[PDB]
file upload-v3.cif (mmCIF, N, CA and C atoms; chains and numbers go by the auth columns)
data_structure
loop_
_atom_site.group_PDB
_atom_site.id
_atom_site.type_symbol
_atom_site.label_atom_id
_atom_site.label_comp_id
_atom_site.label_asym_id
_atom_site.label_seq_id
_atom_site.Cartn_x
_atom_site.Cartn_y
_atom_site.Cartn_z
_atom_site.B_iso_or_equiv
_atom_site.auth_seq_id
_atom_site.auth_asym_id
ATOM 1 N N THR A 1 171.056 121.087 150.076 0.00 1 Q
ATOM 2 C CA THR A 1 169.719 121.421 150.573 0.00 1 Q
ATOM 3 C C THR A 1 169.276 122.292 149.471 0.00 1 Q
ATOM 4 N N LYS A 2 168.046 122.736 149.572 0.00 2 Q
ATOM 5 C CA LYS A 2 167.607 123.440 148.404 0.00 2 Q
ATOM 6 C C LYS A 2 166.565 124.426 148.893 0.00 2 Q
ATOM 7 N N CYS A 3 165.629 124.852 148.044 0.00 3 Q
ATOM 8 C CA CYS A 3 164.502 125.652 148.472 0.00 3 Q
ATOM 9 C C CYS A 3 163.282 124.763 148.408 0.00 3 Q
ATOM 10 N N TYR A 4 162.312 125.217 147.557 0.00 4 Q
ATOM 11 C CA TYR A 4 160.875 125.020 147.548 0.00 4 Q
ATOM 12 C C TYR A 4 160.121 126.420 147.563 0.00 4 Q
ATOM 13 N N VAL A 5 158.813 126.305 147.954 0.00 5 Q
ATOM 14 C CA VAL A 5 157.913 127.287 148.521 0.00 5 Q
ATOM 15 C C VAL A 5 157.435 126.829 149.915 0.00 5 Q
ATOM 16 N N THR A 6 156.756 125.627 149.988 0.00 6 Q
ATOM 17 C CA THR A 6 155.681 125.377 150.949 0.00 6 Q
ATOM 18 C C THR A 6 155.912 126.171 152.185 0.00 6 Q
ATOM 19 N N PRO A 7 155.096 127.227 152.311 0.00 7 Q
ATOM 20 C CA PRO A 7 155.412 128.195 153.307 0.00 7 Q
ATOM 21 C C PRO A 7 154.819 127.488 154.489 0.00 7 Q
ATOM 22 N N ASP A 8 155.662 127.201 155.448 0.00 8 Q
ATOM 23 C CA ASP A 8 155.036 126.590 156.618 0.00 8 Q
ATOM 24 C C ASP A 8 156.006 126.720 157.739 0.00 8 Q
ATOM 25 N N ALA A 9 157.107 126.203 157.254 0.00 9 Q
ATOM 26 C CA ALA A 9 158.339 126.141 157.896 0.00 9 Q
ATOM 27 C C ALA A 9 159.124 127.041 156.977 0.00 9 Q
ATOM 28 N N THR A 10 160.434 126.823 157.083 0.00 10 Q
ATOM 29 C CA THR A 10 161.220 127.410 156.036 0.00 10 Q
ATOM 30 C C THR A 10 161.104 126.367 154.974 0.00 10 Q
ATOM 31 N N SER A 11 161.799 126.716 153.925 0.00 11 Q
ATOM 32 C CA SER A 11 161.554 126.024 152.728 0.00 11 Q
ATOM 33 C C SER A 11 162.846 125.838 152.013 0.00 11 Q
ATOM 34 N N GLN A 12 163.655 125.032 152.708 0.00 12 Q
ATOM 35 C CA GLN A 12 164.897 124.646 152.112 0.00 12 Q
ATOM 36 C C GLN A 12 165.238 123.232 152.528 0.00 12 Q
ATOM 37 N N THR A 13 164.830 122.341 151.630 0.00 13 Q
ATOM 38 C CA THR A 13 164.951 120.926 151.843 0.00 13 Q
ATOM 39 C C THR A 13 165.094 120.283 150.463 0.00 13 Q
ATOM 40 N N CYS A 14 165.152 118.943 150.575 0.00 14 Q
ATOM 41 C CA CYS A 14 165.534 118.079 149.484 0.00 14 Q
ATOM 42 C C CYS A 14 167.006 118.391 149.177 0.00 14 Q
ATOM 43 N N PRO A 15 167.880 117.726 149.951 0.00 15 Q
ATOM 44 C CA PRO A 15 169.300 117.940 149.849 0.00 15 Q
ATOM 45 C C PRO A 15 169.793 117.520 148.520 0.00 15 Q
ATOM 46 N N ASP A 16 169.611 116.194 148.371 0.00 16 Q
ATOM 47 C CA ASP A 16 170.018 115.296 147.317 0.00 16 Q
ATOM 48 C C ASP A 16 171.173 115.845 146.634 0.00 16 Q
ATOM 49 N N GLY A 17 170.749 116.795 145.820 0.00 17 Q
ATOM 50 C CA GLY A 17 171.738 117.442 145.098 0.00 17 Q
ATOM 51 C C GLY A 17 172.187 118.770 145.589 0.00 17 Q
ATOM 52 N N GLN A 18 171.972 119.469 144.531 0.00 18 Q
ATOM 53 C CA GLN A 18 173.150 119.509 143.628 0.00 18 Q
ATOM 54 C C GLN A 18 172.790 120.400 142.466 0.00 18 Q
ATOM 55 N N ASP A 19 171.556 120.818 142.635 0.00 19 Q
ATOM 56 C CA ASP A 19 170.656 120.704 141.573 0.00 19 Q
ATOM 57 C C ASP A 19 170.120 122.069 141.678 0.00 19 Q
ATOM 58 N N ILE A 20 168.839 122.078 141.849 0.00 20 Q
ATOM 59 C CA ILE A 20 168.258 123.350 141.660 0.00 20 Q
ATOM 60 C C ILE A 20 167.007 123.282 142.489 0.00 20 Q
ATOM 61 N N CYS A 21 166.573 124.500 142.592 0.00 21 Q
ATOM 62 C CA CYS A 21 165.256 124.789 143.005 0.00 21 Q
ATOM 63 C C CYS A 21 164.517 124.958 141.728 0.00 21 Q
ATOM 64 N N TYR A 22 163.415 124.218 141.634 0.00 22 Q
ATOM 65 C CA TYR A 22 162.499 124.479 140.549 0.00 22 Q
ATOM 66 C C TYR A 22 161.148 124.670 141.202 0.00 22 Q
ATOM 67 N N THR A 23 160.467 125.698 140.703 0.00 23 Q
ATOM 68 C CA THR A 23 159.084 125.938 141.031 0.00 23 Q
ATOM 69 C C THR A 23 158.315 126.019 139.697 0.00 23 Q
ATOM 70 N N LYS A 24 157.251 125.232 139.531 0.00 24 Q
ATOM 71 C CA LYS A 24 156.455 125.392 138.323 0.00 24 Q
ATOM 72 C C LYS A 24 155.018 125.551 138.716 0.00 24 Q
ATOM 73 N N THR A 25 154.258 126.417 137.994 0.00 25 Q
ATOM 74 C CA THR A 25 152.860 126.564 138.314 0.00 25 Q
ATOM 75 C C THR A 25 151.923 126.755 137.222 0.00 25 Q
ATOM 76 N N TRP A 26 151.106 127.745 137.424 0.00 26 Q
ATOM 77 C CA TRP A 26 149.899 127.906 136.759 0.00 26 Q
ATOM 78 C C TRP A 26 149.960 129.352 136.457 0.00 26 Q
ATOM 79 N N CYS A 27 149.478 130.063 137.461 0.00 27 Q
ATOM 80 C CA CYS A 27 149.365 131.458 137.266 0.00 27 Q
ATOM 81 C C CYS A 27 150.461 132.094 138.066 0.00 27 Q
ATOM 82 N N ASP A 28 150.690 133.293 137.569 0.00 28 Q
ATOM 83 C CA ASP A 28 151.527 134.169 138.303 0.00 28 Q
ATOM 84 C C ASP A 28 151.158 135.578 137.936 0.00 28 Q
ATOM 85 N N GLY A 29 150.231 136.072 138.753 0.00 29 Q
ATOM 86 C CA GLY A 29 150.342 137.505 138.896 0.00 29 Q
ATOM 87 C C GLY A 29 149.138 138.057 139.569 0.00 29 Q
ATOM 88 N N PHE A 30 147.987 137.515 139.148 0.00 30 Q
ATOM 89 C CA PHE A 30 146.747 138.155 139.575 0.00 30 Q
ATOM 90 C C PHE A 30 145.665 137.158 139.971 0.00 30 Q
ATOM 91 N N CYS A 31 145.963 135.869 139.751 0.00 31 Q
ATOM 92 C CA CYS A 31 144.875 134.908 139.896 0.00 31 Q
ATOM 93 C C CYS A 31 144.867 134.410 141.338 0.00 31 Q
ATOM 94 N N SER A 32 146.094 134.138 141.804 0.00 32 Q
ATOM 95 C CA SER A 32 146.188 133.562 143.120 0.00 32 Q
ATOM 96 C C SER A 32 147.473 134.046 143.763 0.00 32 Q
ATOM 97 N N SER A 33 147.809 135.311 143.441 0.00 33 Q
ATOM 98 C CA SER A 33 149.184 135.797 143.514 0.00 33 Q
ATOM 99 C C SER A 33 149.638 136.073 144.921 0.00 33 Q
ATOM 100 N N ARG A 34 149.047 135.309 145.809 0.00 34 Q
ATOM 101 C CA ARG A 34 149.122 135.624 147.162 0.00 34 Q
ATOM 102 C C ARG A 34 149.036 134.398 148.023 0.00 34 Q
ATOM 103 N N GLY A 35 149.056 133.314 147.300 0.00 35 Q
ATOM 104 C CA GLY A 35 149.165 132.146 148.092 0.00 35 Q
ATOM 105 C C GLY A 35 150.607 131.837 147.862 0.00 35 Q
ATOM 106 N N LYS A 36 150.699 131.447 146.613 0.00 36 Q
ATOM 107 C CA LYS A 36 151.178 130.121 146.422 0.00 36 Q
ATOM 108 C C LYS A 36 151.277 130.101 144.936 0.00 36 Q
ATOM 109 N N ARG A 37 151.066 128.882 144.450 0.00 37 Q
ATOM 110 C CA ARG A 37 150.860 128.431 143.080 0.00 37 Q
ATOM 111 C C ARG A 37 151.130 126.972 142.943 0.00 37 Q
ATOM 112 N N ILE A 38 152.063 126.596 143.827 0.00 38 Q
ATOM 113 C CA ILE A 38 153.332 126.226 143.268 0.00 38 Q
ATOM 114 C C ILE A 38 153.806 125.024 143.978 0.00 38 Q
ATOM 115 N N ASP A 39 154.286 124.245 143.022 0.00 39 Q
ATOM 116 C CA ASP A 39 154.832 122.975 143.142 0.00 39 Q
ATOM 117 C C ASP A 39 156.212 123.287 142.650 0.00 39 Q
ATOM 118 N N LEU A 40 157.019 122.469 143.209 0.00 40 Q
ATOM 119 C CA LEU A 40 158.396 122.762 143.312 0.00 40 Q
ATOM 120 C C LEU A 40 158.899 121.388 143.439 0.00 40 Q
ATOM 121 N N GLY A 41 160.174 121.372 143.202 0.00 41 Q
ATOM 122 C CA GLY A 41 160.812 120.120 143.363 0.00 41 Q
ATOM 123 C C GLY A 41 162.241 120.450 143.511 0.00 41 Q
ATOM 124 N N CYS A 42 162.917 119.328 143.556 0.00 42 Q
ATOM 125 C CA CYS A 42 164.329 119.207 143.552 0.00 42 Q
ATOM 126 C C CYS A 42 164.548 118.809 142.154 0.00 42 Q
ATOM 127 N N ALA A 43 164.959 119.889 141.573 0.00 43 Q
ATOM 128 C CA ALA A 43 165.236 119.915 140.220 0.00 43 Q
ATOM 129 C C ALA A 43 165.735 118.708 139.520 0.00 43 Q
ATOM 130 N N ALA A 44 165.822 119.143 138.268 0.00 44 Q
ATOM 131 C CA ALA A 44 166.390 118.263 137.331 0.00 44 Q
ATOM 132 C C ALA A 44 166.476 118.893 135.969 0.00 44 Q
ATOM 133 N N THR A 45 166.618 120.218 135.794 0.00 45 Q
ATOM 134 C CA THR A 45 166.722 120.911 134.494 0.00 45 Q
ATOM 135 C C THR A 45 165.508 121.869 134.376 0.00 45 Q
ATOM 136 N N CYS A 46 165.759 123.180 134.126 0.00 46 Q
ATOM 137 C CA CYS A 46 164.666 124.012 133.590 0.00 46 Q
ATOM 138 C C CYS A 46 164.979 124.261 132.145 0.00 46 Q
ATOM 139 N N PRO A 47 164.251 123.548 131.280 0.00 47 Q
ATOM 140 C CA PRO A 47 164.368 123.851 129.899 0.00 47 Q
ATOM 141 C C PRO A 47 163.378 125.008 129.623 0.00 47 Q
ATOM 142 N N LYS A 48 162.847 124.902 128.420 0.00 48 Q
ATOM 143 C CA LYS A 48 162.260 126.016 127.714 0.00 48 Q
ATOM 144 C C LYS A 48 161.196 125.399 126.838 0.00 48 Q
ATOM 145 N N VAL A 49 160.255 124.821 127.535 0.00 49 Q
ATOM 146 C CA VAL A 49 159.061 124.456 126.855 0.00 49 Q
ATOM 147 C C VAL A 49 158.134 124.934 127.898 0.00 49 Q
ATOM 148 N N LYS A 50 157.306 125.899 127.584 0.00 50 Q
ATOM 149 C CA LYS A 50 156.265 126.095 128.569 0.00 50 Q
ATOM 150 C C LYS A 50 155.261 126.786 127.764 0.00 50 Q
ATOM 151 N N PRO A 51 154.052 126.355 128.026 0.00 51 Q
ATOM 152 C CA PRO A 51 152.918 127.069 127.568 0.00 51 Q
ATOM 153 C C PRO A 51 152.772 128.261 128.526 0.00 51 Q
ATOM 154 N N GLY A 52 151.881 128.044 129.485 0.00 52 Q
ATOM 155 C CA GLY A 52 151.290 129.157 130.201 0.00 52 Q
ATOM 156 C C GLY A 52 151.695 129.177 131.669 0.00 52 Q
ATOM 157 N N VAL A 53 152.167 128.005 132.108 0.00 53 Q
ATOM 158 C CA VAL A 53 152.594 127.836 133.472 0.00 53 Q
ATOM 159 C C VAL A 53 153.942 128.515 133.672 0.00 53 Q
ATOM 160 N N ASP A 54 154.062 129.056 134.893 0.00 54 Q
ATOM 161 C CA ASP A 54 155.293 129.733 135.229 0.00 54 Q
ATOM 162 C C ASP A 54 156.288 128.725 135.770 0.00 54 Q
ATOM 163 N N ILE A 55 157.440 128.621 135.095 0.00 55 Q
ATOM 164 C CA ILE A 55 158.472 127.702 135.559 0.00 55 Q
ATOM 165 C C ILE A 55 159.747 128.510 135.695 0.00 55 Q
ATOM 166 N N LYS A 56 160.317 128.344 136.883 0.00 56 Q
ATOM 167 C CA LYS A 56 161.546 128.989 137.274 0.00 56 Q
ATOM 168 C C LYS A 56 162.401 127.867 137.814 0.00 56 Q
ATOM 169 N N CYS A 57 163.694 127.928 137.469 0.00 57 Q
ATOM 170 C CA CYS A 57 164.686 127.076 138.123 0.00 57 Q
ATOM 171 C C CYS A 57 165.902 127.927 138.439 0.00 57 Q
ATOM 172 N N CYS A 58 166.640 127.497 139.443 0.00 58 Q
ATOM 173 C CA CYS A 58 167.865 128.184 139.756 0.00 58 Q
ATOM 174 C C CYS A 58 168.737 127.193 140.511 0.00 58 Q
ATOM 175 N N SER A 59 169.989 127.081 140.044 0.00 59 Q
ATOM 176 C CA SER A 59 170.989 126.262 140.739 0.00 59 Q
ATOM 177 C C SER A 59 171.402 127.063 141.861 0.00 59 Q
ATOM 178 N N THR A 60 172.114 126.373 142.749 0.00 60 Q
ATOM 179 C CA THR A 60 172.476 126.832 144.064 0.00 60 Q
ATOM 180 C C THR A 60 171.919 125.692 144.932 0.00 60 Q
ATOM 181 N N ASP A 61 171.350 126.137 146.029 0.00 61 Q
ATOM 182 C CA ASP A 61 170.836 125.358 147.115 0.00 61 Q
ATOM 183 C C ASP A 61 169.463 125.980 147.230 0.00 61 Q
ATOM 184 N N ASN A 62 169.481 126.983 148.107 0.00 62 Q
ATOM 185 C CA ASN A 62 168.266 127.445 148.710 0.00 62 Q
ATOM 186 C C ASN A 62 167.655 128.397 147.788 0.00 62 Q
ATOM 187 N N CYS A 63 168.472 128.722 146.737 0.00 63 Q
ATOM 188 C CA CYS A 63 168.183 129.742 145.791 0.00 63 Q
ATOM 189 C C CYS A 63 167.689 130.848 146.669 0.00 63 Q
ATOM 190 N N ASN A 64 166.382 130.842 146.420 0.00 64 Q
ATOM 191 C CA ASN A 64 165.140 131.193 147.041 0.00 64 Q
ATOM 192 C C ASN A 64 164.735 131.696 148.420 0.00 64 Q
ATOM 193 N N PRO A 65 164.358 133.025 148.569 0.00 65 Q
ATOM 194 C CA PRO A 65 163.720 133.317 149.797 0.00 65 Q
ATOM 195 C C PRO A 65 162.277 132.867 149.431 0.00 65 Q
ATOM 196 N N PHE A 66 161.898 133.374 148.197 0.00 66 Q
ATOM 197 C CA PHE A 66 160.815 134.208 147.660 0.00 66 Q
ATOM 198 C C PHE A 66 159.631 133.469 147.978 0.00 66 Q
ATOM 199 N N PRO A 67 159.372 133.535 149.297 0.00 67 Q
ATOM 200 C CA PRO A 67 158.325 132.658 149.726 0.00 67 Q
ATOM 201 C C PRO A 67 157.055 133.210 149.090 0.00 67 Q
ATOM 202 N N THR A 68 157.033 134.542 149.225 0.00 68 Q
ATOM 203 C CA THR A 68 156.057 135.445 148.721 0.00 68 Q
ATOM 204 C C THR A 68 154.709 134.927 148.566 0.00 68 Q
ATOM 205 N N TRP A 69 154.055 135.963 148.924 0.00 69 Q
ATOM 206 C CA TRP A 69 153.075 135.518 149.768 0.00 69 Q
ATOM 207 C C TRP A 69 151.963 136.140 149.266 0.00 69 Q
ATOM 208 N N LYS A 70 152.108 137.382 149.347 0.00 70 Q
ATOM 209 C CA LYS A 70 151.016 138.242 149.245 0.00 70 Q
ATOM 210 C C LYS A 70 151.588 139.477 148.678 0.00 70 Q
ATOM 211 N N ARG A 71 152.944 139.381 148.753 0.00 71 Q
ATOM 212 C CA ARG A 71 153.694 140.504 148.566 0.00 71 Q
ATOM 213 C C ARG A 71 155.121 140.421 148.837 0.00 71 Q
ATOM 214 N N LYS A 72 155.483 139.213 149.203 0.00 72 Q
ATOM 215 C CA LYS A 72 156.446 139.178 150.264 0.00 72 Q
ATOM 216 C C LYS A 72 155.868 139.631 151.557 0.00 72 Q
ATOM 217 N N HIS A 73 155.154 138.589 151.878 0.00 73 Q
ATOM 218 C CA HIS A 73 155.917 137.631 152.626 0.00 73 Q
ATOM 219 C C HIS A 73 155.179 137.333 153.961 0.00 73 Q
#
call {"tool": "encode", "arguments": {"input": "upload-v3.cif", "output": "structure tokens"}}
result
Amino acid sequence: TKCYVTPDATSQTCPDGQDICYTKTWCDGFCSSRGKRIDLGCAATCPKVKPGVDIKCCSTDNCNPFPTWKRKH
């Protein structure tokens, strides 16, 4: 199982692997720093090419609480 964001339910799905939680976005800090951002997936590698979008990956499962919201949470 894994994480995600989509704050609605909890946010630990896409079993498949094995893999990671990846969240990639746009902004992170002041633009919309209280929704969201973020598209996420069931990973497949966080490399190191990024312009301006915030990309985080972490192996594990659920990684992730960090639903964060507004502030947490």
call {"tool": "resolve_selection", "arguments": {"input": "upload-v3.cif", "expression": "the PyMOL selection byres (((chain Q and resi 51 and name CA) around 12) and name CA)", "output": "PyMOL selection string"}}
result
chain Q and resi 24-27+48-50+52-55
call {"tool": "atom_distance", "arguments": {"input": "upload-v3.cif", "atom1": "atom N of residue 30 in chain Q", "atom2": "atom C of residue 14 in chain Q"}}
result
28.8 Å
call {"tool": "residues_around", "arguments": {"input": "upload-v3.cif", "residues": "residue 56 in chain Q", "least_positions_apart": "3", "cutoff": "6 Å", "atoms": "only N, CA and C atoms", "output": "PyMOL selection string"}}
result
chain Q and resi 21-24
call {"tool": "atom_distance", "arguments": {"input": "upload-v3.cif", "atom1": "CA of residue 16 in chain Q", "atom2": "CA of residue 69 in chain Q"}}
result
26.5 Å
call {"tool": "select_by_dssp", "arguments": {"input": "upload-v3.cif", "residues": "chain Q", "states": "strand (DSSP E or B)", "output": "VMD selection string"}}
result
chain Q and resid 7 9 20 to 24 39 to 42 55 to 59
call {"tool": "write_last_selection", "arguments": {"input": "upload-v3.cif", "atoms": "N, CA and C atoms", "output": "PDB file, in the frame of the given file"}}
result
ATOM      1  N   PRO Q   7     155.096 127.227 152.311  1.00  0.00           N
ATOM      2  CA  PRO Q   7     155.412 128.195 153.307  1.00  0.00           C
ATOM      3  C   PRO Q   7     154.819 127.488 154.489  1.00  0.00           C
ATOM      4  N   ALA Q   9     157.107 126.203 157.254  1.00  0.00           N
ATOM      5  CA  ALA Q   9     158.339 126.141 157.896  1.00  0.00           C
ATOM      6  C   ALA Q   9     159.124 127.041 156.977  1.00  0.00           C
ATOM      7  N   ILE Q  20     168.839 122.078 141.849  1.00  0.00           N
ATOM      8  CA  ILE Q  20     168.258 123.350 141.660  1.00  0.00           C
ATOM      9  C   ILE Q  20     167.007 123.282 142.489  1.00  0.00           C
ATOM     10  N   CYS Q  21     166.573 124.500 142.592  1.00  0.00           N
ATOM     11  CA  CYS Q  21     165.256 124.789 143.005  1.00  0.00           C
ATOM     12  C   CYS Q  21     164.517 124.958 141.728  1.00  0.00           C
ATOM     13  N   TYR Q  22     163.415 124.218 141.634  1.00  0.00           N
ATOM     14  CA  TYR Q  22     162.499 124.479 140.549  1.00  0.00           C
ATOM     15  C   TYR Q  22     161.148 124.670 141.202  1.00  0.00           C
ATOM     16  N   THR Q  23     160.467 125.698 140.703  1.00  0.00           N
ATOM     17  CA  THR Q  23     159.084 125.938 141.031  1.00  0.00           C
ATOM     18  C   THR Q  23     158.315 126.019 139.697  1.00  0.00           C
ATOM     19  N   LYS Q  24     157.251 125.232 139.531  1.00  0.00           N
ATOM     20  CA  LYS Q  24     156.455 125.392 138.323  1.00  0.00           C
ATOM     21  C   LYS Q  24     155.018 125.551 138.716  1.00  0.00           C
ATOM     22  N   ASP Q  39     154.286 124.245 143.022  1.00  0.00           N
ATOM     23  CA  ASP Q  39     154.832 122.975 143.142  1.00  0.00           C
ATOM     24  C   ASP Q  39     156.212 123.287 142.650  1.00  0.00           C
ATOM     25  N   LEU Q  40     157.019 122.469 143.209  1.00  0.00           N
ATOM     26  CA  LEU Q  40     158.396 122.762 143.312  1.00  0.00           C
ATOM     27  C   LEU Q  40     158.899 121.388 143.439  1.00  0.00           C
ATOM     28  N   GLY Q  41     160.174 121.372 143.202  1.00  0.00           N
ATOM     29  CA  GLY Q  41     160.812 120.120 143.363  1.00  0.00           C
ATOM     30  C   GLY Q  41     162.241 120.450 143.511  1.00  0.00           C
ATOM     31  N   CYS Q  42     162.917 119.328 143.556  1.00  0.00           N
ATOM     32  CA  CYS Q  42     164.329 119.207 143.552  1.00  0.00           C
ATOM     33  C   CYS Q  42     164.548 118.809 142.154  1.00  0.00           C
ATOM     34  N   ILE Q  55     157.440 128.621 135.095  1.00  0.00           N
ATOM     35  CA  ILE Q  55     158.472 127.702 135.559  1.00  0.00           C
ATOM     36  C   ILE Q  55     159.747 128.510 135.695  1.00  0.00           C
ATOM     37  N   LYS Q  56     160.317 128.344 136.883  1.00  0.00           N
ATOM     38  CA  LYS Q  56     161.546 128.989 137.274  1.00  0.00           C
ATOM     39  C   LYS Q  56     162.401 127.867 137.814  1.00  0.00           C
ATOM     40  N   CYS Q  57     163.694 127.928 137.469  1.00  0.00           N
ATOM     41  CA  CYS Q  57     164.686 127.076 138.123  1.00  0.00           C
ATOM     42  C   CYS Q  57     165.902 127.927 138.439  1.00  0.00           C
ATOM     43  N   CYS Q  58     166.640 127.497 139.443  1.00  0.00           N
ATOM     44  CA  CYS Q  58     167.865 128.184 139.756  1.00  0.00           C
ATOM     45  C   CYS Q  58     168.737 127.193 140.511  1.00  0.00           C
ATOM     46  N   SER Q  59     169.989 127.081 140.044  1.00  0.00           N
ATOM     47  CA  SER Q  59     170.989 126.262 140.739  1.00  0.00           C
ATOM     48  C   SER Q  59     171.402 127.063 141.861  1.00  0.00           C
TER      49      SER Q  59
END
call {"tool": "build_atoms", "arguments": {"input": "upload-v3.cif", "residues": "range 30-48 of chain Q", "atoms": "N, CA, C and O atoms", "output": "PDB file, in the coordinates of the input"}}
result
ATOM      1  N   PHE Q  30     147.987 137.515 139.148  1.00  0.00           N
ATOM      2  CA  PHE Q  30     146.747 138.155 139.575  1.00  0.00           C
ATOM      3  C   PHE Q  30     145.665 137.158 139.971  1.00  0.00           C
ATOM      4  O   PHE Q  30     144.606 137.540 140.454  1.00  0.00           O
ATOM      5  N   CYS Q  31     145.963 135.869 139.751  1.00  0.00           N
ATOM      6  CA  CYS Q  31     144.875 134.908 139.896  1.00  0.00           C
ATOM      7  C   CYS Q  31     144.867 134.410 141.338  1.00  0.00           C
ATOM      8  O   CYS Q  31     143.850 134.299 142.016  1.00  0.00           O
ATOM      9  N   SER Q  32     146.094 134.138 141.804  1.00  0.00           N
ATOM     10  CA  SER Q  32     146.188 133.562 143.120  1.00  0.00           C
ATOM     11  C   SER Q  32     147.473 134.046 143.763  1.00  0.00           C
ATOM     12  O   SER Q  32     148.123 133.318 144.518  1.00  0.00           O
ATOM     13  N   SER Q  33     147.809 135.311 143.441  1.00  0.00           N
ATOM     14  CA  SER Q  33     149.184 135.797 143.514  1.00  0.00           C
ATOM     15  C   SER Q  33     149.638 136.073 144.921  1.00  0.00           C
ATOM     16  O   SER Q  33     150.353 137.023 145.203  1.00  0.00           O
ATOM     17  N   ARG Q  34     149.047 135.309 145.809  1.00  0.00           N
ATOM     18  CA  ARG Q  34     149.122 135.624 147.162  1.00  0.00           C
ATOM     19  C   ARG Q  34     149.036 134.398 148.023  1.00  0.00           C
ATOM     20  O   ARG Q  34     148.821 134.489 149.224  1.00  0.00           O
ATOM     21  N   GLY Q  35     149.056 133.314 147.300  1.00  0.00           N
ATOM     22  CA  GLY Q  35     149.165 132.146 148.092  1.00  0.00           C
ATOM     23  C   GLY Q  35     150.607 131.837 147.862  1.00  0.00           C
ATOM     24  O   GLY Q  35     151.483 131.852 148.699  1.00  0.00           O
ATOM     25  N   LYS Q  36     150.699 131.447 146.613  1.00  0.00           N
ATOM     26  CA  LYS Q  36     151.178 130.121 146.422  1.00  0.00           C
ATOM     27  C   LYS Q  36     151.277 130.101 144.936  1.00  0.00           C
ATOM     28  O   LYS Q  36     151.336 131.155 144.329  1.00  0.00           O
ATOM     29  N   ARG Q  37     151.066 128.882 144.450  1.00  0.00           N
ATOM     30  CA  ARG Q  37     150.860 128.431 143.080  1.00  0.00           C
ATOM     31  C   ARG Q  37     151.130 126.972 142.943  1.00  0.00           C
ATOM     32  O   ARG Q  37     150.600 126.304 142.064  1.00  0.00           O
ATOM     33  N   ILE Q  38     152.063 126.596 143.827  1.00  0.00           N
ATOM     34  CA  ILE Q  38     153.332 126.226 143.268  1.00  0.00           C
ATOM     35  C   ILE Q  38     153.806 125.024 143.978  1.00  0.00           C
ATOM     36  O   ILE Q  38     153.621 124.811 145.174  1.00  0.00           O
ATOM     37  N   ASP Q  39     154.286 124.245 143.022  1.00  0.00           N
ATOM     38  CA  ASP Q  39     154.832 122.975 143.142  1.00  0.00           C
ATOM     39  C   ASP Q  39     156.212 123.287 142.650  1.00  0.00           C
ATOM     40  O   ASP Q  39     156.511 124.276 142.008  1.00  0.00           O
ATOM     41  N   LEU Q  40     157.019 122.469 143.209  1.00  0.00           N
ATOM     42  CA  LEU Q  40     158.396 122.762 143.312  1.00  0.00           C
ATOM     43  C   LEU Q  40     158.899 121.388 143.439  1.00  0.00           C
ATOM     44  O   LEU Q  40     158.168 120.449 143.739  1.00  0.00           O
ATOM     45  N   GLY Q  41     160.174 121.372 143.202  1.00  0.00           N
ATOM     46  CA  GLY Q  41     160.812 120.120 143.363  1.00  0.00           C
ATOM     47  C   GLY Q  41     162.241 120.450 143.511  1.00  0.00           C
ATOM     48  O   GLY Q  41     162.638 121.606 143.612  1.00  0.00           O
ATOM     49  N   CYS Q  42     162.917 119.328 143.556  1.00  0.00           N
ATOM     50  CA  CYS Q  42     164.329 119.207 143.552  1.00  0.00           C
ATOM     51  C   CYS Q  42     164.548 118.809 142.154  1.00  0.00           C
ATOM     52  O   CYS Q  42     164.157 117.757 141.674  1.00  0.00           O
ATOM     53  N   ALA Q  43     164.959 119.889 141.573  1.00  0.00           N
ATOM     54  CA  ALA Q  43     165.236 119.915 140.220  1.00  0.00           C
ATOM     55  C   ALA Q  43     165.735 118.708 139.520  1.00  0.00           C
ATOM     56  O   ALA Q  43     166.158 117.679 140.016  1.00  0.00           O
ATOM     57  N   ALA Q  44     165.822 119.143 138.268  1.00  0.00           N
ATOM     58  CA  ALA Q  44     166.390 118.263 137.331  1.00  0.00           C
ATOM     59  C   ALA Q  44     166.476 118.893 135.969  1.00  0.00           C
ATOM     60  O   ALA Q  44     166.376 118.143 135.026  1.00  0.00           O
ATOM     61  N   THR Q  45     166.618 120.218 135.794  1.00  0.00           N
ATOM     62  CA  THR Q  45     166.722 120.911 134.494  1.00  0.00           C
ATOM     63  C   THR Q  45     165.508 121.869 134.376  1.00  0.00           C
ATOM     64  O   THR Q  45     164.380 121.406 134.428  1.00  0.00           O
ATOM     65  N   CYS Q  46     165.759 123.180 134.126  1.00  0.00           N
ATOM     66  CA  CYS Q  46     164.666 124.012 133.590  1.00  0.00           C
ATOM     67  C   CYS Q  46     164.979 124.261 132.145  1.00  0.00           C
ATOM     68  O   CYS Q  46     165.818 125.078 131.776  1.00  0.00           O
ATOM     69  N   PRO Q  47     164.251 123.548 131.280  1.00  0.00           N
ATOM     70  CA  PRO Q  47     164.368 123.851 129.899  1.00  0.00           C
ATOM     71  C   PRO Q  47     163.378 125.008 129.623  1.00  0.00           C
ATOM     72  O   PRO Q  47     163.085 125.889 130.418  1.00  0.00           O
ATOM     73  N   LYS Q  48     162.847 124.902 128.420  1.00  0.00           N
ATOM     74  CA  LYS Q  48     162.260 126.016 127.714  1.00  0.00           C
ATOM     75  C   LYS Q  48     161.196 125.399 126.838  1.00  0.00           C
ATOM     76  O   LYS Q  48     161.253 125.392 125.622  1.00  0.00           O
TER      77      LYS Q  48
END
